[PDB]
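J.: Let me give you the structure first, and then I'll get to my questions.
What follows is calculated from the coordinates using simple rules that are stated; it is not laboratory data. Don't worry about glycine lacking a Cβ; one is built from the backbone with ideal geometry, like all the others, and counts go over all protein chains shown.
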Amino acid sequence: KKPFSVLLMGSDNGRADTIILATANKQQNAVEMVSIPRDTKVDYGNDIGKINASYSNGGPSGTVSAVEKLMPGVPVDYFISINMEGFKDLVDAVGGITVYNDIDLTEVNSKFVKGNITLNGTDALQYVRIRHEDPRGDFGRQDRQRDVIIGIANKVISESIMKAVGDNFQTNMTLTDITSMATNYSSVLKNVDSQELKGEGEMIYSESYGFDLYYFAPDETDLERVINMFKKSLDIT
C-alpha cells in the first residue's frame, strides 16, 4: 500500500482560495497536511502572480501544476476541489460531522459550545469561517479547517454521495478509488499533522492594475523542510 498525495482545494475568474496538500502513509500510519497560503507568489516568466490564480488555467489541474512547480520534488497524485455550496452539501450528505471544539464560541452560534459538537453543512461552514472570535488567530482558523476535514473523513469510513454533491465536487479520483482508500488507508487518520508554510508577505507594484498587490514569500529554508518531509512521506523513489 504505497503512500500517496492529494491536493485539497476550496473555491468560491475562479480561484483556489484554500490549497491544502496532504500525504497518507500506511507504514508511517499518518496524514501529513500543509496549507499553502493563497497569496503565494509564482513566476510566469518574463510577470508574477498569486498561486490561488492558478485555477484560471485549466480549472483545478492548473493549480495542481502550480503546487508541483512550487514543490519540485513532490508529486501530486490526486486532487479534490469543492466550492462552498459543494462543501455544505458534502457534510449533510454524510450525516453531518462531529468535531472537538477547543474554545467556547457560543457568541457565533449557540451550538459552538465546548467539547465534541455535531455540525450540518451550513453550521460547519459558519464554524470554519470564524475569525475574530477565536483567540488563536490564523492557527485557529487552521485548526478548525483541519477539524472539519478530518471530521468529514471519519464519517466517510463508517460512495454514490458524489451525486448529491455533483457539479460542485471534482476529483481525478474514481469511485473505486475512494473505495480502496477507505478500505486500505483508514488507519492513516490515526495521526494527522497539518501545518502552515512559513514565509513573509510583501507588496510588489503591479503594472496592469496600477498599484501594489499582496504576495507571500515562503521561507526558502522551511520550503525544503516541508518538501523533504513530503518526500519522506512518500518514500523517495
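J.: Take the alpha-carbon centre of region 26-67, take the same for region 77-109, and report the distance between them in whole Å.
T.: That distance is 22 Å.
J.: Then there is this: How would you rank 97-105, 140-148, 18-26, highest first, on the average number of other Cβ atoms within 10 Å across their residues?
T.: Working: 97-105: 17.0, 140-148: 19.0, 18-26: 22.6.
Per-residue Cβ counts within 10 Å, averaged per peptide and sorted highest first, yield 18-26, 140-148, 97-105.
J.: More than 33 Å apart: what percent of Cα pairs in the chain qualify?
T.: The proportion of pairs with Cα distances above 33 Å equals 17 percent.
J.: For the peptides 114-123, 212-221, what is the packing order when you average, over each peptide's residues, the other Cβ atoms within 10 Å and list the highest mean first?
T.: Top of the packing list down: 114-123, 212-221.
J.: Something else about it: To make sure I understand, if each residue's beta carbon is the centre and we count other beta carbons within 10 Å, what order do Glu32, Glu68 fall in, fewest to most?
T.: Ordered from fewest to most neighbouring Cβ atoms within 10 Å, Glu32, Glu68 come out as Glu68, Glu32.
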